[PDB]
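First, one chain by itself: the form deposited in one PDB entry, in structure tokens.
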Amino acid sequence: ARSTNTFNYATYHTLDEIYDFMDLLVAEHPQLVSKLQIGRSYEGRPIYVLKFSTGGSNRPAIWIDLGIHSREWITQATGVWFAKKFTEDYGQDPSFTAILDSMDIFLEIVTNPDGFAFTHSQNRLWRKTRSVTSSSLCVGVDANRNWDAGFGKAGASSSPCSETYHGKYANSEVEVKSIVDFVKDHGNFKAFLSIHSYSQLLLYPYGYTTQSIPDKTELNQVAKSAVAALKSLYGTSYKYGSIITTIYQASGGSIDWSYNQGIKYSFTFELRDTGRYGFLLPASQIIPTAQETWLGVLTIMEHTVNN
């Protein structure tokens, strides 16, 4: 509450708490972090990304987004813990220090703020945005099916009332377009990771097409290494592979889009658990989850700096 050191990372928080946390962090490490506003949600809430950088101009960057599906609380929670961790580990962990001395990291903790607020206010299991319209009383779009990557193809629904509704057109949701314009405008992203829950999977493209990506052998080996690291702390077992062979066909996904933009290291994580608690993972699992996920992400970042 008064400092990032007194914030309670072992519990779930509301939107205002997370937004205040951002300002506290910026206030404590002004030389390392900054808060940028890249848009406003459908209901007018600011959409914030924290930029972590030791300098330079347009250094190659890493994008990390959490919370695009609002009910996946473990992700925003992990997001806050990563933010703090970056500031703690810089100058202490040689590997992480190396990364930040040459690359910037952009972290979007609450990608879909309107749905997150709704999960606190009215329906804890809501996952879509809260955009509305005309030919329906149904609200919202599955923001992870609204990207311009196989948009509208099989693996998304065209019914507005569906939980997997893709939206009227690619990028119709301001929460997605805001990320699209910012990444396009920056043009120097090297890695793009989107964090979700649950299932314990580490996936790479594609989900909209059976076509294999050209960098399959490399991403697969990176995935295997990342999974090996993450398991190292608590024994948590992940499976990895391309989206479509691992799960099923899914269209309009963020990582299919990022990869098609030339961002080679595009991965999606589906965090704990495997169904015992599902979306309502206990607060007592937050820190362990965060800690082990960090080892998996740090592994991908290292490969990134080096390649």
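One rule holds for the numbers: they count along the sequence shown, beginning at 1.
Beyond the structure shown, there is the form deposited with a small molecule bound, which is absent from this document and is the topic of what follows.
Asker: With the partner left out here, check for me: in the deposited complex, does some heavy atom of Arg145 sit within 4.5 Å of the small molecule?
Answerer: Output for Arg145 is yes: heavy atoms within 4.5 Å of the small molecule.
Asker: Is there a heavy atom of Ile247 lying 4.5 Å or less from a heavy atom of the small molecule in the deposited complex?
Answerer: Contact with the small molecule, yes.
Asker: Taking heavy atoms only, is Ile255 within 4.5 angstroms of the small molecule in the deposited complex?
Answerer: Yes - in the deposited complex, heavy atoms of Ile255 and the small molecule come within 4.5 Å of each other.
Asker: Just to confirm, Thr268 within 4.5 Å of the small molecule in the deposited complex by heavy atoms?
Answerer: Yes - in the deposited complex, heavy atoms of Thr268 and the small molecule come within 4.5 Å of each other.
Asker: Note which of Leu32, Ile47, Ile64, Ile243 lies within 4.5 Å of the small molecule in the deposited complex, where distance is taken over heavy atoms; exactly one does.
Answerer: Checking each option against the small molecule in the deposited complex, the one that comes within 4.5 Å is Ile243.
Asker: If we take heavy atoms and a 4.5 Å cut-off, which stretch out of 78-86, 112-120, 137-145, 231-239 is in contact with the small molecule in the deposited complex?
Answerer: Going through the listed ranges, the match is 137-145.
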